[PDB]
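Student: Reading the first sequence from the start, the letters are residues 52 to 102 in the entry's author numbering.
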Amino acid sequence: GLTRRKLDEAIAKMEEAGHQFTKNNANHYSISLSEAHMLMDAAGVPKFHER
DNA sequence: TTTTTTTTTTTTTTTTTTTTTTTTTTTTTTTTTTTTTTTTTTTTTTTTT
């Protein structure tokens, strides 16, 4: 449920760190499930409890 | 008057989602064949003339 602009904001906040968004056989960003968790953990979306 | 770097055009390739067609398997289906109960036909004996 993250709009494209929100997801680009999240990856602009995240990617400059040491993390690399692992790509599959192609360049397509193959964000692992844990990668997605971390991304939206620090993306700024409050959890169902922390909100 | 010249050079360097970055933000825009466009171009190329891949994955996921959603397009169609065919075959195999499953369901409803009358014809033919098979099974059972039966009304008509055949045989013998006893009694009477």
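Think of the CB as a built atom: it goes at the ideal place given N, C-alpha and C, for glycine as much as any other residue.
Return helix, strand or coil for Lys98, following the three-state DSSP convention.
Tutor: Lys98 falls in the coil class under three-state DSSP.
Student: Leaving out the 5 sequence neighbours to the left and right, which residues in its chain are closer than 8 Å to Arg102 when beta-carbon positions are compared?
Tutor: Here the set comprises nothing.
Student: Strictly by DSSP, which residues pair up with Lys74?
Tutor: Beta-bridge pairing links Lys74 to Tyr80.
Student: Contact defined as beta carbons within less than 8 Å: I believe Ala94 pairs with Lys64. What is the distance between those atoms, to the nearest angstrom?
Tutor: Their Cβ separation, rounded to whole angstroms, is 7 Å, which keeps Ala94 and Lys64 in contact under 8 Å.
Student: Would you check if the distance between the CB atom of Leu90 and the CB atom of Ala61 is smaller than 7 Å?
Tutor: Yes, the pair counts as a contact, with Cβ atoms nearer than the cut-off.
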